[PDB]
Structures are given as C-alpha cells and as structure tokens.
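Start counting the sequence shown at 166; every next residue gets the next number (the numbering used here).
Written below as structure tokens is the structure these notes are about.
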Amino acid sequence: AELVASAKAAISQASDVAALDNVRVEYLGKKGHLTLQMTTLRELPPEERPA
C-alpha cells in the first residue's frame, strides 16, 4: 500500500495542524469529510472480498 498509504500520511498532517488551530474544530471536522471521506470510495473488486 504505497499509492494509497501516501494518502494515510495526510490523516496525521491534516491533524499535525488541526490540533494547532485557534478555535475552528467542527469546521475542520468537516474537511476530514471532503479529504477524509474521499479516499473511501468507490472500491471496485466488488467488496467480497476487497477485503
């Protein structure tokens, strides 16, 4: 997983400076929903198993 776990190096840097903000949390907690819900789908290899 090196074409896609170089996308899981974002889920600790969209957070290395999430906890560094000044007061915007459920704001940023909706951009791990347009950059942290995106890498999710769609998966081919029809989920049985994908795994």
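Using N, Cα and C, we set each Cβ at its ideal position, and we do this for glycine too.
When the beta-carbon positions are compared, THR204 and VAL169 come within less than 9 Å of each other.
One thing to note: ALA174 has its Cβ no nearer than 9 Å to the Cβ of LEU193. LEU209 is not a Cβ neighbour of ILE176, given a cutoff of 9 Å.
Scanning its chain for C-beta atoms nearer than 8 Å, with the 5 sequence neighbours on each side dropped, one finds around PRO215 the residues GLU208, in chain order.
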